[PDB]
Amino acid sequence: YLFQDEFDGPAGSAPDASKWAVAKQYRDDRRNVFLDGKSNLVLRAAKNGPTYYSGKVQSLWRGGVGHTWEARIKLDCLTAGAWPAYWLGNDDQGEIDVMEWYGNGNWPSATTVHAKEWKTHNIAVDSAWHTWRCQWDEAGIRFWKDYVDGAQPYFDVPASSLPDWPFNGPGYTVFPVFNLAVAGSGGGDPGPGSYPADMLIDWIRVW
């Protein structure tokens, strides 16, 4: 693999500090961002009195065009207020939102490519383990859920379809992000929700 983390390690420990920056409400607290000892990174949103704390990690590694990206994710957080997301970010222009689920009761879970000009596709996601695959090459960006050899992508965004396509710029790269947001537009009010809520990631691989 060009980049991977299998999130192996003792229960309660931090994700690999050579690969991830833990967002510092997000906090760098092992109660909210921790390896579970069973090969998963856990991002946990928890209520501390009136206040919610949760977790987010950003990859220190950035990858460019021509690769396939896949993560295995379990959403134990499909509740009001919660907003789990797996995305490939860029500081400047563009974003690949591989998988988002919204706790606001209004927006369907979806995959979205942003050029600046965006394309979105609704996805179903429940609380079971699923894999989420993104191939991003010169010609476009396409996606699979629970890939098996020869499966067709559920969503294909040709580079040509978005005139302001940033992704073929020289040296353009993206960083993987996993986060479990609470409230905001996508999460809605967490009051009626069930906390603590967990987003689990078994692995991310890029090749």
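Start at 1 and count along the sequence shown; that's the residue number.
Asks: Could you tell me how many residues of the deposited sequence sit unmodelled between residue 24 and residue 25 (none, 1 to 3, 4 to 9, 10 or more)?
Replies: Unmodelled stretch: 10 or more residues.
Asks: Report, from the record, the number of residues in the deposited sequence between residue 116 and residue 117 that have no coordinates, as none, 1 to 3, 4 to 9, or 10 or more.
Replies: According to the record, 4 to 9 deposited residues lack coordinates from residue 116 to residue 117.
Asks: Could you check the entry and say whether 95-103 or 120-128 has the higher mean CA B-factor?
Replies: So the stretch with the higher mean C-alpha B-factor is 120-128.
Asks: Regarding 4-12 and 197-205, which shows the higher C-alpha temperature factor on average in the entry?
Replies: Per the PDB record, 4-12.
Asks: Going by the entry, which of 148, 157, 177, 43 has the most elevated CA B factor?
Replies: Reading the PDB entry, the winner on C-alpha B-factor is 148.
Asks: Per the PDB entry, which option out of 138, 70, 164, 36 has the greatest Cα B factor?
Replies: Comparing C-alpha B-factors across 138, 70, 164, 36, the top value belongs to 164.
Asks: For residue 186, does the deposited CA B-factor place it in the lowest, middle or highest third of the chain?
Replies: Lowest third - that is where residue 186 ends up once the chain's C-alpha B-factors are sorted.
Asks: Considering every modelled residue of the chain and its Cα B-factor in the PDB entry, is residue 168 in the lowest, middle or highest third?
Replies: CA B-factor rank for residue 168: middle third.
Asks: Quick one: classify residue 90 as lowest, middle or highest third of the chain based on its Cα B-factor.
Replies: Its C-alpha B-factor, which the entry lists for residue 90, ranks in the highest third among residues of this chain.
Asks: Sorting by Cα B-factor within the chain, modelled residues only, which third would residue 32 end up in: lowest, middle or highest?
Replies: Within its chain, residue 32 is a middle-third residue by C-alpha B-factor, going by the deposited values.
Asks: Looking at the C-alpha B-factor of residue 62, is it in the lowest, middle or highest third of its chain?
Replies: Within its chain, residue 62 is a middle-third residue by C-alpha B-factor, going by the deposited values.
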